[PDB]
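# quick one, what's the 3D model for this:
(chains A, B, C, D, E, F, G, H and I, ligands or ions: 8)
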Amino acid sequence: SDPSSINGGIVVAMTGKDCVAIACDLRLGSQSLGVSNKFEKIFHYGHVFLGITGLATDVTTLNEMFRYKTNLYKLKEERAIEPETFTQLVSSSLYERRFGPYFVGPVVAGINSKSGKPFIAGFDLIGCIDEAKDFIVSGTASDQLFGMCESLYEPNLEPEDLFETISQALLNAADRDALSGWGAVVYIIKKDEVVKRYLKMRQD
Amino acid sequence: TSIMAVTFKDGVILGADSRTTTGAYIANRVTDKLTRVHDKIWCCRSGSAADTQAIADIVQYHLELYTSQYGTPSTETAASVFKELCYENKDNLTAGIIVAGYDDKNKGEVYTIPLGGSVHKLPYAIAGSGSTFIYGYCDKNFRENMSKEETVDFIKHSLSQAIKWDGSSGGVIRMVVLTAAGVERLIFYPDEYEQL
Amino acid sequence: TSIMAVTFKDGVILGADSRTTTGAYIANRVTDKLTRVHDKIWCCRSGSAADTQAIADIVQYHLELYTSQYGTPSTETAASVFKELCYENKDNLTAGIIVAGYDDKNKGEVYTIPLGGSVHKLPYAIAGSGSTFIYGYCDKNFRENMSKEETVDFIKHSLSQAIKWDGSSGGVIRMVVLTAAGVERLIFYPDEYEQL
Amino acid sequence: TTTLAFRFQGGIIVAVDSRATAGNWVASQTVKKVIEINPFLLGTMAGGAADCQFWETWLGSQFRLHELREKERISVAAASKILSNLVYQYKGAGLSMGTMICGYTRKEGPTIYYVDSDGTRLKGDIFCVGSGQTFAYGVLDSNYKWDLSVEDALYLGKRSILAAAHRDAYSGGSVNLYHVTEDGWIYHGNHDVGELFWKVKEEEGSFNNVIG
Amino acid sequence: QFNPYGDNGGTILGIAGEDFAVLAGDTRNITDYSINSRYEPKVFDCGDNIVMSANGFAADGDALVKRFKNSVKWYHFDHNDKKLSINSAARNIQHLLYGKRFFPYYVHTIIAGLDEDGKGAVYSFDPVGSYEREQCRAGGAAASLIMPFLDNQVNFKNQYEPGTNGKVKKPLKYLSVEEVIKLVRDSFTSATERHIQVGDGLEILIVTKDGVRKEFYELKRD
Amino acid sequence: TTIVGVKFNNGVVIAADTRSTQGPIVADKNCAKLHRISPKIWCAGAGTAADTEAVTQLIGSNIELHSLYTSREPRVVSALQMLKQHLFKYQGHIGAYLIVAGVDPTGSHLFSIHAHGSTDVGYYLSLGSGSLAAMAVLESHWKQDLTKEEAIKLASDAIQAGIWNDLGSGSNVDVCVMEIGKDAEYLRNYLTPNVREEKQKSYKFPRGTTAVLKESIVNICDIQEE
Amino acid sequence: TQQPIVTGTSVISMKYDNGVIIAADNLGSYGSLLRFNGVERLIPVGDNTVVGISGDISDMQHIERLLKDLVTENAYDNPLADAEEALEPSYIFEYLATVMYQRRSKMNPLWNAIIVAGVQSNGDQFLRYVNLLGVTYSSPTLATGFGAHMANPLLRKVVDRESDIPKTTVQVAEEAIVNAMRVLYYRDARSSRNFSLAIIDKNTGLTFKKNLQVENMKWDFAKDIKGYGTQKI
Amino acid sequence: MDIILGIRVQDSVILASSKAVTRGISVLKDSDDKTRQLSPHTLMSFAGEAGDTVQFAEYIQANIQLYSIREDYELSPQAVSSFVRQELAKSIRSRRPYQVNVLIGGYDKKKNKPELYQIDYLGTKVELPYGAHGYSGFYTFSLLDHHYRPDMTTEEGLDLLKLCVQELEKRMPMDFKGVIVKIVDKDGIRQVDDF
Amino acid sequence: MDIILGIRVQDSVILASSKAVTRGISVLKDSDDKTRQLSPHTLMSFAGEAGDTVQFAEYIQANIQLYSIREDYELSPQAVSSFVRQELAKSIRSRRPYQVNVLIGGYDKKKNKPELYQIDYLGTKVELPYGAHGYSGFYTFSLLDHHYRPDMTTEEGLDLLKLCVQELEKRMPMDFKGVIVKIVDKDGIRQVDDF
Ligand SMILES: *[B]([O])([O])[C]([C][C]([C])[C])[N]C(=O)[C]([C]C1=[C][C]=[C][C]=[C]1)[N]C(=O)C1=[C]N=[C][C]=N1
Ligand SMILES: *[B]([O])([O])[C]([C][C]([C])[C])[N]C(=O)[C]([C]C1=[C][C]=[C][C]=[C]1)[N]C(=O)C1=[C]N=[C][C]=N1
Ligand SMILES: *[B]([O])([O])[C]([C][C]([C])[C])[N]C(=O)[C]([C]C1=[C][C]=[C][C]=[C]1)[N]C(=O)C1=[C]N=[C][C]=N1
Ligand SMILES: *[B]([O])([O])[C]([C][C]([C])[C])[N]C(=O)[C]([C]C1=[C][C]=[C][C]=[C]1)[N]C(=O)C1=[C]N=[C][C]=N1
Ligand SMILES: [Cl-]
Ligand SMILES: [Cl-]
Ligand SMILES: [Mg+2]
Ligand SMILES: [Mg+2]
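Residues are numbered from 1 along each chain as shown, chains lettered A, B, ... in the order given. Ligands and ions are numbered 1, 2, ... in the order given. Please find the structure below.
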């Protein structure tokens, strides 16, 4: 009945020294029935990464929508969109459906190509921007993720150390949620290289 | 319903309208809401007619039995019996009662018992749906130690306004005077009190 | 809310309390419920603050535009504009407004507009949750062709009682005098009106 | 929850998962869903944790009193009926129980009764109970025979719970195995699904859908 | 309509060591968005080297603790001053809870102490009486924030040994009392940051063979 | 949320806490609730966070266009009128509860706005779940003819009352001072009385602790030449 | 199950160096109607305890009778009734707390919030809360209803933690309480100007003050407030 | 309607769909084909509310056939599935949404690969090796998790499908009157007349 | 449970009752006997809410067996049916009524006549030549109205019963996993093991 917890899933993002990380689980379900273990929730438009939790049809719809909008942006602007600008575009796009909203929990992550400054942000289903210095969480195990991030996180972590912190935050949060898990992906993002790692986790 | 009781120099006077309503139909236009639980302890009834009658009947019984054993009860005692019934059966009752009586030792006394079952001793008391419209008037015009004639005028004028504005109130204004001299009944018809 | 408007020899006076409540919390204790739709046509507002403000704003606009084309509007005209909004949007509004104004030809006039959207021209009018408690007082004490000083005393005493008994009413008593002489604002603080 | 039990040549196999949930929140992964009523009787737990624990623990006290009074082991039929008659008294009050009562006696042979908080009491060869019961039924029905070795039967039960642990969101944690024979039950370990899944996938060549 | 239940917030945490056991809980008590008290003790010494806490609806929580303390008193009277073992105390609490199955104590109960071999023990209950011995358990409002952290840092879940890459797990080495108190303090600091009903103060009760000790730490008061 | 506004000698000051909450969880610990409608008109917002932002941006945008159209600095009453009429039209469904303040050629002003569209005037105001804690402080310490220093102190103290006593408020105090004939100073994190203490332990893991299945380089660059 | 009819609003209280202070207004409200203006809601028990009650007034009067009966019962066969075996605040509270939780457990509650203020035999300050649900708690400052939202913030600025109690005099404490009562009159729509205050000191005993009024009110600034935005006259 | 299954093997996609149509208490028909050919190498099975199912399927069929004629070219299974998902994602926020769940089985002639897509009435698309809608998956996914191998032949796929139908006929309460099976491969679409 | 049938012929009464037990989405058992022998020449089949059915049937069984021992005499089918009706008529105004419908088939050894009684959970008794409970009658009564003749043999009764079960298997949505058939005549009660 509740649209935000039919399919299930989670996304988390973190900042480090000259780097950012974004991660998500792979589960898609119909309430108790597990349907797919290959449903990735992180997408990217140029060097800007977007993770989306919530109702899966809206996750797909919004991805296609932000691909549409960022492509037109690039043709007109003659440059790739930046994380700060994209964040505003997500907020605008969600609020225009104020009274008929997309049931989602988006998360933006990326490094500004000019300033080099690491950037993350979160949103509610209707557009409100949460621009945290440390970390952002989203999904059906957001409570669990808040607890993990608040205890495990420290500032100015090196890329390879930040990987361990965010991976352990996701994995242990997912294992305390019935509608999350079934695999996981972690993106490590530096100014001009991005590494993608699939994690081995319990498949129940 | 518009009911009130007022203490004065020589004792206490009870006052009431005579209207009983089933919705907007006046089921009885000449009702007597001033009822007797003892020789010189009376009450004013508002709310459910069935509940307030059943309660009043039980109180009259309790005070009749009290008298046979311990002699004349105080007005405080009568109010306590009313309370005990109203409080302990609050879930199933809809009764707003004013208890008034005359002792020789305590003179005129007035106790009001609203829906909850709480007791409040006061110099005067007002109750019933029509009482809302005369809080302002009664507060401005009430004095302590009034005369009989002044108190009758105060109640007559007060209930006249309550009747004028409240649809649930109307008919004749009944009154009952309680003093050392005895018990006097008064009646005031529409032609008299409407022109005030 | 306790609001009233009273005509007298030299014109008309509007009166109001200053309490705005969200349930039992007083969201504003110094509210101004006497609002101006034209130089010498004011109104008293009760009910929803948002609705009565939105309505008053629209009326002020309509009368400003009327003035630019046809000169000073009558108080009857102002009441009609209020009515047209309240009646045609009765389903979506909760507004109880009293319109009062001073012409030289018609002198002091008072129109009351309750929830439905009906209009009633009266010598004086009372409204708001606290008005229930002063129907008796106001009816007994109102006279036609009173003086300024008498009318101020009548409103001050009336609203004092309404404030005393109504939880939704309180704070300062604001008043606005409308005569040929001009527009005068009066204020009366708790220490003054409570001891009455 | 996923719990199963089935009769075969070598007695009865009982297998259960370990997960407990409150809404979507995973409350516990280490729940003991098999009750050791006595050295010969086992009870499975599904539905309300408290209802099942309390009344199946109570249940052992009634049986102990029976054999003290009658100088004889209680039958699985009598055992299951004590529980079913008890919950039938509470019918309507809101008890939530899905249970198997499993055991073995000389007169009955290996016996399994399904007992239910609606009052339903059913004897049978195969039963699967819980939110993930349908998943477990798939594996059991296609691979079940009477002529199974104790080794093969144990694995089929283990594998059926694993199947349900994977797909059912409200099942998981670990697998507890029991084997019930002529001489009583024998515990066959706690098996973590986090390790068992990858082991089975590699060795069995199953779950080709998942990447490892 | 009258509603006989309420929610007083709070959060509790029990951890079992090799020869000790701790039961912690914040000292804040609330209704809706108001603070009732910044210091209202929630974890109690019940005698026989047993500590207890019943988190959720405080009226039911106080009632239950009161009735269990009573049960310990009568256990001594009826059975020749015998020490009530932790496992026996647990089973007794099950019956207290299930006794009100159809009008439950709206609480999450946790007890801690030592078992009969001297090893640390923690037991955990749901509102209607189901129970289980555990090495680790957080209960109450911020339980969802704390448990995952304890799965990771107490039971080394999802942790493996460097160089082997997922093949060899991190060994389950035992934790000292100083090491556990560090994890408890961090758990509540982290919970306070993200849960509005957690804060003010932290009170920990440590249980060893020597007896029951207390430690108190300040928490954020916002 | 706790937001306040306080008038003083030569202007007006507004303040706010920095806590955002979803149910009993804190979504953001350092949230920014002071919004800029124009350079010298700022407002603080409570209620639904997306709404207070959106309605401020929209009115702030139209105010800017109006300022350019008229060649005049914007007025607080203009922002007030445009906000109330917008909110009234949406019959309360846009959940924005605003305290609007500013200085303009008319003088210094302080108003409040509610979701249904009702406005109120005052020397001191407070909105949100911690308004009762804040208003208690304001009613106890407010006087006429406050200085700039006194008004900032009173305003931040009212927010602190909200931070400490209301569970819907917390973290830091943001302030914005708007004096007549001066630039508006926006004091972000004016007070920081809620820094977290050092943790007992570091949770940095050894490298290789997490199990991996596959690795791959992600192509973020465009299609290449040659 | 019932609904409260005639109701009483905030009760506020705090501790200080040598004792405790408690206060509550004299109003009995009937919905929005401010029906009864002479209702005493602080009820002393002996010379060492004061019980402040809010909520349903009929239930208050019942509780009042229970306490009156408790004093009578304690005197029975008790030569030390006015000395070592006199009723302590802690005894009176626990009795009420028992009754409140029992009544909620029969789905027929006493619709009240109660604060028991007093001083113990050994001079220790006693202050504890209980309500219709049987929920109990203690704190240096305690308040019911609107007082919880408005009084506590003000009172907590004087005594923020335990260590602030010895540093707080009776003069400072009474000042804070009286101020809080003024603030409640500004902001609670079901409060009155008239109130009662009680002090229980370990040295000077029980002082019960009746017919107090809220004074030194600020209203003069109201004259300058006009319209709701744009209006100037 | 009730049960619809799908499985992707080495070189083909196999769809199985029940034959029963039950309206209330009686089974009005026991030979109903719950599928439509969208293009020569793309088949769509469907299940949901009465009326909506056929209306939606034929509406999609018409649109894809219109595309085929206009461009003289067959759309990829991936392209058709994306079109269908968008129509359902549009539908879910309409006055009266289409209450239809579908499986799209197609053979991509460009990549020489079979492809199976599962889409629900909300517009939730996933590519899978094997899929199902309704209560069917609750019984069948455990079997497929065990037996499926990506490199199965078509004959091996049909045997694994028989094992799924046998389980359904054993444990499901509703008599769905068997299934109609259809194979989608490089040569097109054909029906297995004996099953 | 689901389907229970009854038919009275020349010299016997035949009861047919389904084997399936479905709780929710799965069929937990496919060999369940929904009947109890009340006495050597009296059989009662039952269907209704879970738990209540067996509890009620065994309660009646115990009471009739108690009567048999006490009097050393078998009650008539008419007498047993009246006892059962009263228990259900008492039950319907209880705190929690028995939600059970029954068919009582018996052979009266005094009158040498077979007798079939149909009783619902309200306590509504009727003697019939053929009867049914639940949705079963909606399909079967039309066939029995046509074919039933009151002088049929037991073999003719079984053939007419096969025609009823075939129709049910064709038109009913629920798979009831066939029926267990039992015959009640002068020689007692026996089960037809092949049906
Ligand atoms: B009075 O209006 O409250 C009146 C007093 C009663 C003691 C005679 N009550 C009634 O007339 C009630 C209805 C009612 C009106 C207003 C407030 C509360 C109740 N009427 C009856 O009880 C009644 C009506 N018709 C027949 C019998 N009883
Ligand atoms: B008065 O009490 O009717 C008053 C008049 C208004 C024009 C200021 N109304 C209110 O205070 C209303 C509530 C109300 C009370 C009694 C009767 C009808 C309505 N309050 C509001 O509209 C309000 C409250 N808080 C914030 C904004 N608006
Ligand atoms: B199983 O899912 O039925 C399981 C078995 C139980 C004995 C542990 N039940 C639960 O997990 C139930 C919730 C539930 C889930 C699915 C179907 C039915 C019920 N949980 C609890 O009973 C419970 C007990 N204590 C704490 C949390 N949850
Ligand atoms: B304050 O508490 O009023 C605050 C002010 C806001 C401008 C930051 N409000 C919130 O934090 C609201 C409370 C709320 C919760 C649920 C529904 C509506 C309002 N929270 C949010 O707006 C919110 C919650 N989660 C994510 C993003 N925004
Ligand atoms: Cl009468
Ligand atoms: Cl207003
Ligand atoms: Mg009348
Ligand atoms: Mg029948």
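# in contact with the residue in chain G that ligand 8 sits nearest to, which residues?
When you check chain G against ligand 8 by CB to the ion, the closest residue turns out to be residue G:107, at 41.3 Å. Placement of C-beta: from N, CA and C, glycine included. Residue G:107 sits next to E:2, E:4, G:1 when contact means CB atoms under 8 Å, 6 or more residues apart in numbering or on different chains.
# can you lay out the residues you listed as CSV showing secondary structure and neighbour count?
Formatted as CSV, these follow (DSSP: H, G, I helix; E, B strand; the rest coil; neighbours: other CB atoms under 10 Å in any protein chain shown):
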residue, secondary structure, neighbour count
E:2, coil, 13
E:4, coil, 18
G:1, coil, 10
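# list just the nearest of the residues you listed to residue B:77.
Lowest distance from residue B:77 to the contacts of residue G:107 (CB to CB) belongs to residue G:1, with 31.2 Å.
# surely the closest one and residue G:104 touch.
No: contact criterion CB atoms under 8 Å: residue G:1 and residue G:104 do not qualify, at 10.6 Å.
# can you pull the residues that touch both of these two?
Common contact partners of residue G:1 and residue G:104 (CB under 8 Å, 6+ apart): none.
# name the element residue D:148 belongs to?
Using DSSP states H and E, residue D:148 maps to neither a helix nor a strand.
# ugh, typo on my part, it should be residue A:188
strand A:184-190.
# residue contacts, residue F:160?
Going by CB under 8 Å, 6+ apart, residue F:160 touches F:173, F:191, F:193.
# from those residues, list just the buried residues.
For the contacts of residue F:160, a burial check counting by 16 or more other CB atoms under 10 Å in any protein chain shown picks out F:173, F:191.
# got a markdown table for the contacts of residue F:160, with secondary structure too?
Below are the contacts of residue F:160 laid out as a markdown table (DSSP: H, G, I helix; E, B strand; the rest coil):
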| residue | secondary structure |
| --- | --- |
| F:173 | strand |
| F:191 | strand |
| F:193 | coil |
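# distance of the residue with the largest distance to the centre of chain A from chain E?
Most distant from the centre of chain A: residue A:76, at 26.8 Å, with distances by CA atoms, centre = their mean. Residue A:76 sits 41 Å away from chain E, going by CB to the nearest CB, to the nearest Å.
# can you name every helix or strand that the helix or strand that residue falls within contacts?
According to DSSP H and E, residue A:76 maps onto helix A:56-77. In this structure, helix A:56-77 makes packing contacts with strand A:42-45, strand A:48-54, helix A:83-95, strand A:104-111, helix H:77-91, judged by 3 or more CB pairs under 8 Å, 6 or more residues apart in numbering or on different chains; DSSP states H and E.
# out of these, nearest to ligand 8?
Of the helices and strands packed on helix A:56-77, nearest to ligand 8 by CB to the ion is helix H:77-91, at 46.9 Å.
# how about the nearest residue to residue 60, chain neighbours excluded?
Unless you meant another one, I'm taking chain A. Leaving out its chain neighbours, the residue that sits closest to residue A:60 by CB to CB, 6 or more residues apart in numbering or on different chains is residue H:125, at 6.4 Å.
# that's the wrong chain, I wanted chain H
Per CB to CB, 6+ apart, closest to residue H:60 is residue H:84, 5.9 Å.
# report how many residues lie close to the one you found.
The tally of other residues near residue H:84 (other CB atoms under 10 Å in any protein chain shown) stands at 24.
# for the one 5 residues further on, same thing?
When neighbours are defined as other CB under 10 Å, residue H:89 has 20 of them.
# ok, it - contacts?
Applying CB under 8 Å, 6+ apart to residue H:89 gives the contacts A:57, A:60, A:61, H:122, H:123.
# can you rerun that using 7 Å?
Neighbouring residues of residue H:89 by CB atoms under 7 Å, 6 or more residues apart in numbering or on different chains: A:57, A:61, H:123.
# and the residue in chain D that chain I sits nearest to, what does it touch?
For chain D and chain I, the shortest gap (CB to the nearest CB) falls at residue D:119, measuring 1.8 Å. Contact partners of residue D:119, counting by CB under 7 Å, 6+ apart, are D:84, D:87, D:88, D:91, I:50, I:51, I:52, I:55.
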